[PDB]
Structures are given as C-alpha cells and as structure tokens.
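Colleague: After the structure tokens below, expect a handful of questions from me.
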Protein chains: 2
Amino acid sequence: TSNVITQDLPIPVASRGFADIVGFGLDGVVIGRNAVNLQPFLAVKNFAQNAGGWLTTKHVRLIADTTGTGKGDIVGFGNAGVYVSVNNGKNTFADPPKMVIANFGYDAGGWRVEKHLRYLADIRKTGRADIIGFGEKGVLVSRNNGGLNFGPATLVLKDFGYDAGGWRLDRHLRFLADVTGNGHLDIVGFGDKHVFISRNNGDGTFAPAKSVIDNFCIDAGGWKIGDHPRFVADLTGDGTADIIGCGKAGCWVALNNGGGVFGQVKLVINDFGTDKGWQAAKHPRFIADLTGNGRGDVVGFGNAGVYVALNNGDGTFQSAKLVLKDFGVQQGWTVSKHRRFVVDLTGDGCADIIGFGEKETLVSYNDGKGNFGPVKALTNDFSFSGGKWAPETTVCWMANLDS
Amino acid sequence: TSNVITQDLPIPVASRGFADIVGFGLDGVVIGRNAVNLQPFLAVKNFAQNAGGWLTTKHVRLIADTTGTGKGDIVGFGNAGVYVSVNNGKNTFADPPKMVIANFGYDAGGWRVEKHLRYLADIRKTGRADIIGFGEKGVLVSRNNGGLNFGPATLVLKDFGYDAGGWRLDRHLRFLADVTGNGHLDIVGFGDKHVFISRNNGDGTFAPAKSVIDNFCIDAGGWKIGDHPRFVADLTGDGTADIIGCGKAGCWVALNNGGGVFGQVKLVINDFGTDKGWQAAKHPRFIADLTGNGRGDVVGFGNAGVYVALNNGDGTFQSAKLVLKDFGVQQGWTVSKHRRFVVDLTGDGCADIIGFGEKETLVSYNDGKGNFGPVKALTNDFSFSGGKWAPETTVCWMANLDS
Ligand SMILES: CC(=O)N[C@@H]1[C@@H](O)[C@H](O)[C@@H](CO)O[C@H]1O
Ligand SMILES: CC(=O)N[C@@H]1[C@@H](O)[C@H](O)[C@@H](CO)O[C@H]1O
Ligand SMILES: CC(=O)N[C@@H]1[C@@H](O)[C@H](O)[C@@H](CO)O[C@H]1O
Ligand SMILES: CC(=O)N[C@@H]1[C@@H](O)[C@H](O)[C@@H](CO)O[C@H]1O
Ligand SMILES: CC(=O)N[C@@H]1[C@@H](O)[C@H](O)[C@@H](CO)O[C@H]1O
Ligand SMILES: CC(=O)N[C@@H]1[C@@H](O)[C@H](O)[C@@H](CO)O[C@H]1O
Ligand SMILES: CC(=O)N[C@@H]1[C@@H](O)[C@H](O)[C@@H](CO)O[C@H]1O
Ligand SMILES: CC(=O)N[C@@H]1[C@@H](O)[C@H](O)[C@@H](CO)O[C@H]1O
Ligand SMILES: CC(=O)N[C@@H]1[C@@H](O)[C@H](O)[C@@H](CO)O[C@H]1O
Ligand SMILES: CC(=O)N[C@@H]1[C@@H](O)[C@H](O)[C@@H](CO)O[C@H]1O
Ligand SMILES: CC(=O)N[C@@H]1[C@@H](O)[C@H](O)[C@@H](CO)O[C@H]1O
C-alpha cells in the first residue's frame, strides 16, 4: 500500500481503518466520528458558506495533522491565509481557528482554485503535514515547524506551475505519491506528452522533473481530463505507487518496476472505459483495496450500480462484475448533488461504500472479500436535502481523525 | 479529570472519547473497535485460555502504549515474562507477540496474582509505559528504554510490598494517581492505619512513603476490602486526584488541596454503602464523569438498577437517584458471569453504560446531563454465551486503542 494524494481525493484515507465523516456545511464544520452511535455535531462555527464567508469557488478546505499528535485538524485556505482549528484529542476542535501563515490564500499570494493546487502532506516524514502548493512559478512549500509555526512559503522547484511551465487543470494532473518506497511522497505530473516524476529530496525540496511514461496524457494516448480518469496507487504490494487509468477500451496500467521508473502500459481490464458507457459526467471510478491485499482494486459506480474488478496481487485483474445494485445512476445518484467514496469504515482493510445521497447518508459494507451487504442508512445528515448540503456551497470528506 | 490506575481498573479510559472493547477470549485477543458497524475480529491468536495457556488465575493481560506511537499495544504478564503484540497503527497487532523482559512472570520472579500487583504506566512522562510491580520487597520498576528494550527490574522503593511492610491484597489498596499536581503518577496506598502517598520524583523513582490521611483503612475507620470500596478520582476538576470511598453510611471523601495535602474526611452522599444494602458480591460501584464537567460522579449497579449521584463541581453532590431500570441484580446481572463498565462511548465527555450480559453486549447512552436512554443491543459478541466469555477463562476490558 501507498499513501496517495490526488486532485479529487486530496485527503489520504487509511486502507485499513475507520474513516470519519467531515462535513463543511453551511453553518460550520460538522463531524461524524465513526462510532457505535453516530451523532454529527457542529464542531466549529467557521469554514462555512454562512460562517466565515468560505466559498468553494475561492477557498480550499481540508483535514490533516498539523501538530503531530496523530489527531486530524481542520485546515482552510481562506483569503488572508491558512486557518487551523486544532483537534485537542478529546473530541473538541479550537473555535475560533488560528491563522497560521499569511500565504496560500486568495488575497495572500493570489492563489486561485482555477489555476493552482494546494495540498497538506507530511513530506519530510516528521509526523506533521507541511503545506505544498502548485502555484504560479512552480511548487511552493511551507515547512511545518511545530506548534503551528509555518516557515516561509518557498519556491522549491520551478516546474509544475501554471506559469512553469504551462500546467493547466483542464489538460494535466498533479498528484503526490511515494514512487520510490522510501516513505516520502514524490511528485507525479501528467503533462502534455509525458508522465513526469519529481523525486522527494527529503528536506522539503523536490528534484527536477524526469519523464517516465509516454502515455496517459492529453497528447500521449489522447487522455482527456474528465473522460479518462487516472490514478496512482500500489497495485503490486511492493509499497511503491503504480499508475492506472480508465481509457476508451478499458483500464490501462503502468507498473512501477524501478523505484520510480515504469514498465510498459497494458490493458488489464476490459471495462470502466468510455467504450462501455462510462462517462465523466455520471460514473465516478475509484481505486481502493477491497480485499485487504495491500493492492488496489477497481471500483466503478456505473448505470445499474457498483462494478468491481479485483487485482490478483501482481497488477493483473479479474474480470469486472456488478456487486451491488445501488449507488449508480439508476438509483438517482448524480455527480451534481451527491458524494460517493470507497473507504474502509470497519478496520478490516477491505474498503466499504459510503454515499451522501438525496435524503440519507447510505452505506454498504464489504464482506471482507469484495462483496457487499445490504444498503444501510447511517444518518439523515450530510445528505443533499434541498440542498442543505449542495456541493456548490458545502464540502464533504472522509478522513481518519485518528492517525 | 485525572488519569488513574487502580487494582480493579488498571487501564485508564479517556473521560471524553470513544472507548473500544478489548476481549481476551478463548481463542485470542478479540478487538471490538468503537465504530458504526461494530465488527469484532480475532486480532492475535495468543494471550488466551486456548491460545498460549493464559489463565486468569496466573496471568495479567492489559492494553498500554509500549512504543510511544499513541496506539495501545497488547501486553501480557505470562509464565516466562512480559509479552507484547505491537499495534502498528493500522488496526493490526503483531502475532505471535514477543518477550520484552524475562521478569514479572509466574515463573520469572515468582509473581502471583494473590500477592502482587502489576501495572503499566507512563510514570516518567516520556510517552510510553514503564512496568511497575508491587512485589515481595517493595516497588519494582523496569524502564521502557524504547524499541521494546526494557531495563532490569529494579527495586525503586522498599515499601508497599508483600514483605515490606506486609501489604496484603485482602487488607490494603495500591493505586497510581497524580495527587501532587506535577503531571506524574504517584503511589497511593491504603495501608493499616493510614493512606500513604509516595511522591513520583519524575526520574523513574519514588520518594519515601508519607502518611496523609488517618482513615479509609482496615484499622482506620473500619474499611474492609470487599465491603467498602475506595477510589481515587478528580472530584474538584483541578487535574489532581482526590480520594472517595463507599463506607457504611454512604460515600466519604477527603479532598486534595491541589498539592497532595488532604482535607477532612466527610460524608457527601448518604447512599451506596453497606447500610443501604450495597454488597461486594452483587453491586459494583464506579466513579465516572457523567456530566462532562471534569469531576467524577458516583454510579452504582444496585438491586433494581443504576443509581447515580452527581458532583456539583467541588466534591459536594446532589442526592442519589435511580436513572435506569437495568444492569442490576433484578435483571439477572451477576459478577460471576457478567461485566459492567461506565465509560464515554460517544465523545461528549459524559460516561455511558455498557454491560456484557447473558446473551448480549448491551448499552445505554448518556443524554449529556447524566440521564440514560433505552437499552440497546450492540452485539451478541463478548456476552457470556455460556461460557464462551466466562470470567473464569476470559477477560474483557474497555480501552482507547487510539490516543
Ligand atoms: C474565507 C475567509 O477567509 N474567512 C475568514 C474567517 O474564517 C475568519 O474567521 C476571519 C478572521 O477574522 O476572516 C474571514 O475572512
Ligand atoms: C499563486 C502563487 O504562486 N503565489 C505566490 C506566493 O505564494 C508567493 O509568496 C509570491 C512571492 O514568491 O509569489 C506568488 O506568485
Ligand atoms: C505541460 C507539460 O507537460 N510541461 C512539461 C514540463 O513540466 C517539463 O519541465 C518539460 C520537460 O522538458 O516538459 C514540459 O513540456
Ligand atoms: C456505464 C456502465 O454501467 N457500463 C456497464 C459495463 O461496465 C458492464 O460491462 C455492462 C454489464 O453487462 O453494463 C454496462 O452498462
Ligand atoms: C439518490 C439516492 O439517495 N438514492 C437512494 C438509493 O440509493 C436508496 O437505495 C434508496 C433507499 O434508501 O433511497 C434512494 O433515495
Ligand atoms: C502464558 C504464557 O506465558 N504463554 C506463552 C505464550 O504467550 C507464548 O506465545 C509462548 C511462546 O514463547 O510461550 C508461552 O508460554
Ligand atoms: C515477586 C517479586 O518481587 N519478584 C522479584 C523479581 O522480580 C526480582 O527479579 C528478584 C530480584 O530482585 O526479586 C524477586 O523478589
Ligand atoms: C501495611 C502498612 O500500612 N504498612 C506500613 C508500611 O508500608 C510503612 O512503611 C510504615 C510507615 O511507618 O508503616 C507500616 O505499617
Ligand atoms: C467504613 C466507614 O464507613 N467508616 C467511617 C469512617 O470513615 C468515619 O471516619 C467515621 C466517622 O464517625 O464513621 C465510620 O463509619
Ligand atoms: C443496593 C441497592 O440497590 N440499594 C438501594 C439504595 O441505594 C437506595 O437508596 C434505596 C432507595 O431507592 O433502595 C436500596 O435498595
Ligand atoms: C444478565 C443479562 O444479560 N440481562 C439482560 C437484561 O439486562 C436485559 O434487559 C434483557 C433484555 O435484553 O435481557 C436480559 O438477559
């Protein structure tokens, strides 16, 4: 398994553990701790549409451990900078939050959701998350120096920027993933003609980009942003991140075989591709371990419901099959109104299914083998409801509040 | 609130948090992680009646953080010494476990459940647990030197031991509690004629015993082990442990000044004592914060049900009253078959009620003011299920696996 950060899933969730619900709703942050008696509570009256003036169009809202206690904190990139509400480890979050650095904000540094990416990750393997942003002139890192002291925002690499050179959210992808196995997140960029790796130097800097694959890109295979989603994930169990994507004809995989260098692209699954009806606008696909393997499996929310193809263990896959007649288009699920995730909720290393639906937060549990049990309702909260939880003005994530 | 270690409750549980179930069953350690879909899993095939030859009459089985990751490990004092299964932070524990010191065991130092006490505590406040034993010649300490290296068992104090001067499990009480207010756990011992305290110096050693109270003892006020239970708990909210006991006429307390000097011994509740029918054999009593204000409240499982008396905040109390018609003698609950605990299950700092009954593990939830809702079944698991979970051959504890 690898700890991986993408654009669509910027909060890493443990392959084996009990994912918690974090909702940035209209009136504040609402926590649904994974627990025997689920009870959402308004934890912080901030970070919200109607409390603090937070907008999905201008701001980024996340969870990460900023103090090192192993407890996840609320983190938001607002106007004047980054704001942190600390988790005190006794189920209470600081309110009001503290502004921890005057950078990475809409007014401080001119960060834009339409041009730039902002991530939180422990890239120095020190137990706290640093701030890393793919900004204008390239990658800017701010080191987390303990007790909410964030060092200067610093240009550590003159690449992968909107203006260094030409990186666009409508053409390219930029992820963090350990492609070498040293436990440090490296940079993976899908550019125009090459997947590039920028290795992690261990000290908050990354080395210059090196081309590793001549596929999976807008001008190298014809891979378009929405239509052909791409992923980084350990598909072999060697602890290093491989590459997999859903094309036209199905799922192509490039296996990592040199601690950061890649084998040739192969079609491993005859499905999940546009050729079989899969559409950016309708059918989210994911990579998750559904078998406790340490290897990633393919999960797709299709028309009739949930499809899955299981990794044998070596990056080859069993045929796709329907495992659950729910959470698909048939049952009213839409990308505009609802959220779906594939995360372990039961600590068995076998990812489960959670959907924030029309009126209910629904779930189906992995039987521990990649099959799923009946759809159960967790709570009325976090659902679209009118929508009190519209994606336009709210944000829901799964996250392990205990690391 | 003050973290405390007692003979009945050697494992500290968070007053605000989500306590997990840990059962040392017939076939191994069964983990019951506090989560939305409680799914007990056989975590380690050891530490058990029929896996490792672990017997309730010879051995001690606990949960403590022995590595400093904040994740509770499985620790057991067996025949040849102390064995640990490390918790890796992803809900898996090493199996088999490994021996970390050939001492403090039935055949390694002649340790006896009938004569000695063995505890795991972070007495040096270094983030991981030392081994503390009250043995033959006094208090033996083994320093957790990291990475499962443990220093030689060293006699740190010639007192509180079976042969120094004559401490007896049928006459006396030995607890760990921070009474002095310096954040370190002190030895609190109820001897013949006095309650003694031994100040934790901070370095792995303990100052000589000092008499602080002429009461609460077998030869000071007529306090008997079975019939008149005693506790240490923060009753005033200053983070400093006070003393409270269920006597004949009710509950008596002596309050801590904040630095280990104790005030008068006074009667604060007219109930919970032998005079009102409370018996060692039938009616377990606890101190837990049922209102989330950081001061301990009294809870007793009597004949008709659960009785409670609420702390005003300063060691004075409201009247006792019955809050729930269950978990009592009349409903079949017996010490010989069943387990009852009062712990926060929901993260609101208000202790809830959980009982391992004849056929089910049942729960009643605190409403946040010390009242309790309808009784719900959490699972068939961990219940007596005759006699899959008999107390003669199995051990159930509550604990916070994630700290
Ligand atoms: C979107 C944004 O930045 N909102 C912040 C709010 O969270 C914060 O509490 C306040 C500081 O007083 O400033 C507001 O502008
Ligand atoms: C979007 C972006 O890159 N903003 C950066 C800002 O964080 C930095 O402080 C400043 C000076 O180096 O340069 C800006 O371009
Ligand atoms: C959008 C894109 O792919 N840009 C890449 C750039 O990141 C990299 O530095 C360079 C290596 O020559 O190749 C460029 O064209
Ligand atoms: C978009 C979608 O749901 N595609 C599925 C395809 O993956 C599957 O192979 C087939 C089952 O026969 O049915 C199609 O509808
Ligand atoms: C869009 C949505 O939420 N669809 C759900 C469906 O998944 C579920 O099977 C059903 C019964 O709970 O309720 C529907 O509303
Ligand atoms: C009660 C006891 O000590 N049992 C231990 C067991 O935990 C261990 O796995 C085994 C192998 O060394 O040795 C046994 O004696
Ligand atoms: C029960 C007990 O105290 N046993 C101890 C043993 O742990 C220690 O190793 C030895 C030498 O100090 O002395 C014994 O009395
Ligand atoms: C059982 C008991 O109380 N023993 C105590 C001993 O621990 C203490 O060191 C001494 C102080 O004078 O008094 C003894 O009687
Ligand atoms: C076991 C018990 O209740 N003993 C108490 C004693 O603590 C108290 O000092 C005394 C006052 O007269 O009354 C006794 O009954
Ligand atoms: C052991 C027991 O249940 N004793 C209770 C006592 O605490 C209570 O004050 C009284 C009146 O409700 O009823 C007694 O039987
Ligand atoms: C000892 C025991 O488990 N007693 C329970 C009782 O508390 C519960 O109210 C009832 C209904 O579930 O079932 C009894 O057997």
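Going by the structure tokens order, chains are called A, B, ..., each with residues numbered from 1, while ligands are numbered from 1 in the order shown.
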Kindly determine which residues of chain A lie within 9 Å of chain B, considering only C-alpha atoms, and give the answer as a PyMOL selection string.
Modeller: chain A and resi 14-18+33-39+69-71+89-92+345-349+365+378+402-403
Colleague: Got a sec: who's within 8 Å of region 335-343 of chain B, counting only C-alpha atoms, leaving out chain neighbours fewer than 3 positions off, as a CSV table (one decimal) with C-alpha atoms, in the first residue's frame?
Modeller:
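Result saved to result.csv:
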chain,number,residue,atom,x,y,z
B,13,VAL,CA,-10.0,5.2,29.9
B,14,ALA,CA,-10.5,8.7,28.5
B,15,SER,CA,-13.3,10.7,30.2
B,19,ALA,CA,-13.8,3.6,24.3
B,281,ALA,CA,-20.8,-9.6,45.7
B,282,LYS,CA,-23.7,-8.0,43.9
B,286,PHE,CA,-17.7,3.2,39.9
B,288,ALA,CA,-17.1,8.5,36.3
B,327,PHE,CA,-27.9,-3.7,34.6
B,350,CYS,CA,-20.5,12.1,29.6
B,351,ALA,CA,-19.8,8.5,30.6
B,352,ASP,CA,-22.1,5.9,29.0
B,353,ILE,CA,-23.1,2.4,30.3
B,354,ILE,CA,-22.0,-0.9,28.7
B,355,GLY,CA,-22.7,-4.4,30.0
B,356,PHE,CA,-21.6,-7.8,28.8
B,357,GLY,CA,-24.7,-9.8,29.6
B,358,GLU,CA,-26.0,-13.3,29.4
B,383,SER,CA,-21.5,-11.8,26.1
B,384,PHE,CA,-21.4,-14.8,28.4
B,390,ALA,CA,-17.0,-16.8,31.2
B,391,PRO,CA,-14.9,-14.5,33.5
B,396,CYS,CA,-12.9,-8.1,28.9
B,398,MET,CA,-12.6,-1.2,27.9
Colleague: Could you tell me, counting only C-alpha atoms and all ligand atoms, which protein and nucleic acid residues lie no more than 7 Å from ligand 5, written as a list in words?
Modeller: residues 326, 327, 331, 332, 333, 357, 358, 359, 360, 375 and 377 of chain A
Colleague: Since we have the selection now, will you write its residues out, keeping C-alpha atoms, as a PDB file, in the first residue's frame?
Modeller:
ATOM      1  CA  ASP A 326     -27.259   0.690  -5.697  1.00  0.00           C
ATOM      2  CA  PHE A 327     -25.213   3.912  -5.698  1.00  0.00           C
ATOM      3  CA  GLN A 331     -30.964   4.779  -8.233  1.00  0.00           C
ATOM      4  CA  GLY A 332     -30.975   8.550  -8.731  1.00  0.00           C
ATOM      5  CA  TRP A 333     -27.299   9.185  -7.997  1.00  0.00           C
ATOM      6  CA  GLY A 357     -27.374  10.825  -1.171  1.00  0.00           C
ATOM      7  CA  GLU A 358     -30.624  12.698  -1.720  1.00  0.00           C
ATOM      8  CA  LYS A 359     -32.073  12.447   1.800  1.00  0.00           C
ATOM      9  CA  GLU A 360     -29.785   9.963   3.577  1.00  0.00           C
ATOM     10  CA  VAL A 375     -27.550  -0.728   1.837  1.00  0.00           C
ATOM     11  CA  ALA A 377     -28.701   4.348   6.347  1.00  0.00           C
TER      12      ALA A 377
END
Colleague: Name each residue within 10 Å of ligand 4, counting only C-alpha atoms and all ligand atoms, as a compact mmCIF listing (two decimals) with N, CA and C atoms, in the first residue's frame.
Modeller:
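Wrote it out as pocket.txt, contents follow:
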# COMPACT_ATOMS: atom_id res chain seq x y z
N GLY A 250 -10.84 0.55 -21.85
CA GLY A 250 -10.83 -0.01 -20.51
C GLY A 250 -9.70 0.54 -19.66
N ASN A 270 -11.18 -4.94 -19.25
CA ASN A 270 -11.95 -4.62 -20.46
C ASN A 270 -13.24 -3.89 -20.09
N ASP A 271 -13.12 -2.84 -19.29
CA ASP A 271 -14.29 -2.14 -18.75
C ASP A 271 -13.90 -0.83 -18.05
N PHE A 272 -14.88 -0.18 -17.43
CA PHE A 272 -14.69 1.14 -16.81
C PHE A 272 -14.27 2.24 -17.80
N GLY A 273 -14.27 1.95 -19.09
CA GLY A 273 -13.86 2.92 -20.09
C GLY A 273 -15.02 3.51 -20.86
N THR A 274 -14.81 4.62 -21.58
CA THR A 274 -15.91 5.23 -22.34
C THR A 274 -16.58 4.28 -23.34
N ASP A 275 -15.84 3.28 -23.81
CA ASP A 275 -16.40 2.25 -24.70
C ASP A 275 -17.51 1.42 -24.05
N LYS A 276 -17.56 1.40 -22.72
CA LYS A 276 -18.59 0.63 -22.04
C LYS A 276 -19.55 1.54 -21.29
N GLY A 277 -19.69 2.76 -21.79
CA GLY A 277 -20.70 3.68 -21.31
C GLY A 277 -20.25 4.58 -20.18
N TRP A 278 -19.01 4.42 -19.73
CA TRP A 278 -18.52 5.18 -18.59
C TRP A 278 -18.26 6.65 -18.96
N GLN A 279 -18.89 7.56 -18.21
CA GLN A 279 -18.90 8.99 -18.54
C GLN A 279 -18.45 9.84 -17.38
N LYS A 282 -21.19 11.16 -15.11
CA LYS A 282 -22.13 10.24 -14.48
C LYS A 282 -21.52 9.16 -13.58
N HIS A 283 -20.32 8.69 -13.89
CA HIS A 283 -19.84 7.46 -13.27
C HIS A 283 -18.47 7.57 -12.61
N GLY A 300 -16.20 1.04 -9.67
CA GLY A 300 -16.90 1.99 -10.52
C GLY A 300 -18.39 2.06 -10.25
N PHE A 301 -18.90 3.27 -10.10
CA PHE A 301 -20.34 3.46 -9.95
C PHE A 301 -20.97 3.65 -11.34
N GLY A 302 -21.38 2.54 -11.96
CA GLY A 302 -21.98 2.55 -13.29
C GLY A 302 -23.46 2.89 -13.35
N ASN A 303 -24.14 2.44 -14.40
CA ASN A 303 -25.57 2.70 -14.56
C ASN A 303 -26.48 1.90 -13.61
N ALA A 304 -26.28 0.59 -13.52
CA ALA A 304 -27.10 -0.27 -12.66
C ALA A 304 -26.64 -0.27 -11.20
N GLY A 305 -25.44 0.24 -10.96
CA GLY A 305 -24.88 0.22 -9.62
C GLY A 305 -23.37 0.09 -9.61
N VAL A 306 -22.86 -0.73 -8.69
CA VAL A 306 -21.42 -0.76 -8.40
C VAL A 306 -20.70 -1.94 -9.05
N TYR A 307 -19.71 -1.61 -9.87
CA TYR A 307 -18.89 -2.60 -10.54
C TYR A 307 -17.51 -2.64 -9.91
N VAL A 308 -16.91 -3.82 -9.92
CA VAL A 308 -15.61 -4.02 -9.30
C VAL A 308 -14.81 -5.04 -10.10
N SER A 319 -11.96 -10.25 -14.17
CA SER A 319 -12.97 -9.52 -14.93
C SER A 319 -13.86 -8.68 -14.02
N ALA A 320 -14.31 -7.54 -14.54
CA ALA A 320 -15.29 -6.72 -13.84
C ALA A 320 -16.64 -7.42 -13.68
N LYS A 321 -17.28 -7.20 -12.53
CA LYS A 321 -18.59 -7.76 -12.26
C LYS A 321 -19.37 -6.80 -11.36
N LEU A 322 -20.69 -6.78 -11.51
CA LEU A 322 -21.56 -5.99 -10.65
C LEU A 322 -21.63 -6.62 -9.25
N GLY A 328 -25.68 3.77 -8.10
CA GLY A 328 -25.49 4.10 -9.51
C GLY A 328 -26.50 5.11 -10.03
N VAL A 329 -26.50 5.33 -11.35
CA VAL A 329 -27.40 6.29 -11.99
C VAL A 329 -28.86 5.86 -11.87
N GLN A 330 -29.09 4.56 -12.01
CA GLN A 330 -30.43 4.04 -11.87
C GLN A 330 -31.11 4.49 -10.61
Colleague: At a cut-off of 7 Å around ligand 6, and using only C-alpha atoms and all ligand atoms, what residues come up? Please write them as a ChimeraX atom specification.
Modeller: /B:46-47,52-54,59,78-81,83,96-97
Colleague: Might you pull out every residue within 10 Å of residue 165 (chain B), with only C-alpha atoms counted and same-chain residues fewer than 5 positions away left off, and present them as a PyMOL selection string?
Modeller: chain B and resi 136-138+158-160+191
Colleague: Keeping only N, CA, C and O atoms, write the selected residues as a short mmCIF file (atom, residue, chain, number, x, y, z; two decimals), in the first residue's frame.
Modeller:
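To be explicit, this is the file written out as again_4.cif:
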data_model
loop_
_atom_site.label_atom_id
_atom_site.label_comp_id
_atom_site.auth_asym_id
_atom_site.auth_seq_id
_atom_site.Cartn_x
_atom_site.Cartn_y
_atom_site.Cartn_z
N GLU B 136 7.60 -8.46 46.21
CA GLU B 136 7.90 -9.01 47.52
C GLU B 136 8.60 -7.97 48.41
O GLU B 136 8.18 -7.75 49.54
N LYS B 137 9.61 -7.30 47.87
CA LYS B 137 10.44 -6.39 48.65
C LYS B 137 10.13 -4.91 48.44
O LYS B 137 10.86 -4.05 48.90
N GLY B 138 9.03 -4.62 47.75
CA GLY B 138 8.65 -3.25 47.52
C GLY B 138 8.22 -3.02 46.08
O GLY B 138 7.67 -3.91 45.42
N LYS B 158 11.60 0.53 48.97
CA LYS B 158 11.39 -0.59 49.89
C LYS B 158 10.13 -0.45 50.75
O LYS B 158 10.22 -0.34 51.98
N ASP B 159 8.97 -0.48 50.10
CA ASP B 159 7.69 -0.26 50.77
C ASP B 159 6.56 -0.71 49.84
O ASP B 159 6.79 -0.97 48.66
N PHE B 160 5.35 -0.81 50.38
CA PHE B 160 4.18 -1.22 49.59
C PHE B 160 4.29 -2.64 49.02
O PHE B 160 3.49 -3.02 48.17
N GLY B 191 -3.07 1.54 53.63
CA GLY B 191 -2.48 0.51 54.47
C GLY B 191 -3.32 0.19 55.69
O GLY B 191 -4.55 0.26 55.64
#
Colleague: Residues up to 9 Å from ligand 8, counting only C-alpha atoms and all ligand atoms: could you list those as a PyMOL selection string?
Modeller: chain B and resi 158-162+164-168+171-172+189-196+208-211+217
Colleague: How would the residues just picked look written out with N, CA, C and O atoms as a compact mmCIF listing (two decimals), in the first residue's frame?
Modeller:
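Everything below was put into again.txt:
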# COMPACT_ATOMS: atom_id res chain seq x y z
N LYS B 158 11.60 0.53 48.97
CA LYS B 158 11.39 -0.59 49.89
C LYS B 158 10.13 -0.45 50.75
O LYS B 158 10.22 -0.34 51.98
N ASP B 159 8.97 -0.48 50.10
CA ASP B 159 7.69 -0.26 50.77
C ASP B 159 6.56 -0.71 49.84
O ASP B 159 6.79 -0.97 48.66
N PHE B 160 5.35 -0.81 50.38
CA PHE B 160 4.18 -1.22 49.59
C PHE B 160 4.29 -2.64 49.02
O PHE B 160 3.49 -3.02 48.17
N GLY B 161 5.28 -3.40 49.48
CA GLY B 161 5.50 -4.77 49.02
C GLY B 161 5.02 -5.83 49.99
O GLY B 161 4.83 -5.57 51.19
N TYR B 162 4.80 -7.03 49.47
CA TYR B 162 4.25 -8.13 50.26
C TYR B 162 5.10 -8.38 51.52
O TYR B 162 4.59 -8.77 52.58
N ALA B 164 7.24 -5.87 52.70
CA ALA B 164 7.74 -4.54 53.07
C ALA B 164 6.67 -3.46 52.97
O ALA B 164 6.37 -3.00 51.88
N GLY B 165 6.04 -3.08 54.06
CA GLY B 165 5.98 -3.87 55.26
C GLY B 165 4.59 -4.48 55.24
O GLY B 165 3.59 -3.80 55.52
N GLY B 166 4.53 -5.74 54.84
CA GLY B 166 3.33 -6.55 54.96
C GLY B 166 2.08 -5.98 54.34
O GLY B 166 1.09 -5.79 55.04
N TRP B 167 2.12 -5.71 53.04
CA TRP B 167 0.94 -5.24 52.31
C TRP B 167 0.17 -6.44 51.77
O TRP B 167 0.76 -7.38 51.26
N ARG B 168 -1.14 -6.43 51.92
CA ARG B 168 -1.93 -7.61 51.65
C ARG B 168 -3.14 -7.28 50.80
O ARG B 168 -3.89 -6.36 51.11
N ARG B 171 -6.41 -6.79 52.54
CA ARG B 171 -6.46 -5.74 53.56
C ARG B 171 -6.20 -4.33 53.02
O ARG B 171 -6.60 -3.35 53.63
N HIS B 172 -5.50 -4.23 51.89
CA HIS B 172 -4.90 -2.96 51.50
C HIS B 172 -5.12 -2.61 50.03
O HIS B 172 -5.42 -3.47 49.21
N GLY B 189 -1.37 4.39 48.51
CA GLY B 189 -1.57 3.11 49.18
C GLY B 189 -2.40 3.23 50.44
O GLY B 189 -2.09 4.01 51.33
N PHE B 190 -3.47 2.45 50.51
CA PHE B 190 -4.31 2.38 51.71
C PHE B 190 -3.83 1.23 52.58
O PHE B 190 -4.14 0.07 52.31
N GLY B 191 -3.07 1.54 53.63
CA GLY B 191 -2.48 0.51 54.47
C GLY B 191 -3.32 0.19 55.69
O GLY B 191 -4.55 0.26 55.64
N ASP B 192 -2.66 -0.17 56.78
CA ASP B 192 -3.36 -0.49 58.02
C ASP B 192 -4.05 0.74 58.62
O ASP B 192 -5.28 0.79 58.74
N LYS B 193 -3.23 1.72 59.00
CA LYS B 193 -3.70 2.86 59.79
C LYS B 193 -3.72 4.18 59.05
O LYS B 193 -4.26 5.16 59.55
N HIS B 194 -3.14 4.22 57.85
CA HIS B 194 -3.10 5.46 57.08
C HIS B 194 -3.18 5.22 55.59
O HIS B 194 -2.80 4.16 55.09
N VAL B 195 -3.65 6.24 54.88
CA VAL B 195 -3.42 6.32 53.45
C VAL B 195 -2.05 6.96 53.32
O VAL B 195 -1.80 8.03 53.90
N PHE B 196 -1.16 6.30 52.59
CA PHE B 196 0.18 6.83 52.34
C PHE B 196 0.26 7.28 50.90
O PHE B 196 -0.43 6.73 50.05
N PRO B 208 10.12 8.37 49.74
CA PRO B 208 9.60 7.50 50.80
C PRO B 208 8.15 7.81 51.15
O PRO B 208 7.68 8.93 50.95
N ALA B 209 7.44 6.80 51.66
CA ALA B 209 6.03 6.92 51.97
C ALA B 209 5.76 7.99 53.01
O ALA B 209 6.49 8.10 54.00
N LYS B 210 4.70 8.77 52.79
CA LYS B 210 4.26 9.74 53.78
C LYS B 210 2.77 9.57 54.08
O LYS B 210 1.96 9.42 53.17
N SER B 211 2.42 9.62 55.36
CA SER B 211 1.02 9.49 55.78
C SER B 211 0.26 10.79 55.59
O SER B 211 0.65 11.83 56.14
N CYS B 217 -9.10 3.02 55.92
CA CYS B 217 -8.25 1.85 56.09
C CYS B 217 -8.89 0.80 56.99
O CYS B 217 -9.83 1.09 57.75
Colleague: Could you give me the residues within 10 Å of ligand 7, counting only C-alpha atoms and all ligand atoms, as a ChimeraX atom specification?
Modeller: /B:81,102-113,115-118,133-142,152-155,161-163
Colleague: Taking the DSSP assignment computed from this structure's backbone, write out as a PyMOL selection string all residues of region 122-185 of chain A that belong to strand (DSSP E or B).
Modeller: chain A and resi 130-134+139-142+144+150+154-157+161+164+173-177
Colleague: Could you dump the residues just selected with C-alpha atoms as a short mmCIF file (atom, residue, chain, number, x, y, z; two decimals), in the first residue's frame?
Modeller:
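Heads up, here's the output in again_25.cif:
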data_model
loop_
_atom_site.label_atom_id
_atom_site.label_comp_id
_atom_site.auth_asym_id
_atom_site.auth_seq_id
_atom_site.Cartn_x
_atom_site.Cartn_y
_atom_site.Cartn_z
CA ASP A 130 3.77 20.69 5.58
CA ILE A 131 1.93 22.90 3.11
CA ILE A 132 2.61 22.25 -0.53
CA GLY A 133 1.06 24.25 -3.34
CA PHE A 134 1.44 24.05 -7.09
CA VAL A 139 5.92 24.22 -6.31
CA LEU A 140 5.87 26.30 -3.09
CA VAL A 141 6.42 24.54 0.21
CA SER A 142 5.91 25.87 3.70
CA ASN A 144 5.54 22.83 9.45
CA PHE A 150 4.84 27.58 9.46
CA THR A 154 9.20 28.91 -0.61
CA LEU A 155 9.63 28.16 -4.34
CA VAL A 156 11.39 24.78 -4.19
CA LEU A 157 11.02 23.69 -7.83
CA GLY A 161 3.33 25.61 -12.20
CA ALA A 164 6.11 26.86 -15.02
CA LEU A 173 -2.89 16.16 -13.49
CA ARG A 174 -0.64 16.67 -10.46
CA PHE A 175 -0.53 14.19 -7.58
CA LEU A 176 1.69 13.29 -4.62
CA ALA A 177 2.72 9.63 -4.19
#
Colleague: Between B:249, B:298, B:169, B:100, which residue has the minimum interatomic distance to ligand 9, considering only C-alpha atoms and all ligand atoms?
Modeller: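 Smallest separation from ligand 9 among the options: B:249.
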Colleague: Find, counting only C-alpha atoms and all ligand atoms, the residue in B:264, B:126, B:366, B:85 that gets nearest to ligand 9.
Modeller: B:264
Colleague: Which one is closest to ligand 1: A:242, A:381, A:114, A:27? Count only C-alpha atoms and all ligand atoms.
Modeller: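 Smallest separation from ligand 1 among the options: A:27.
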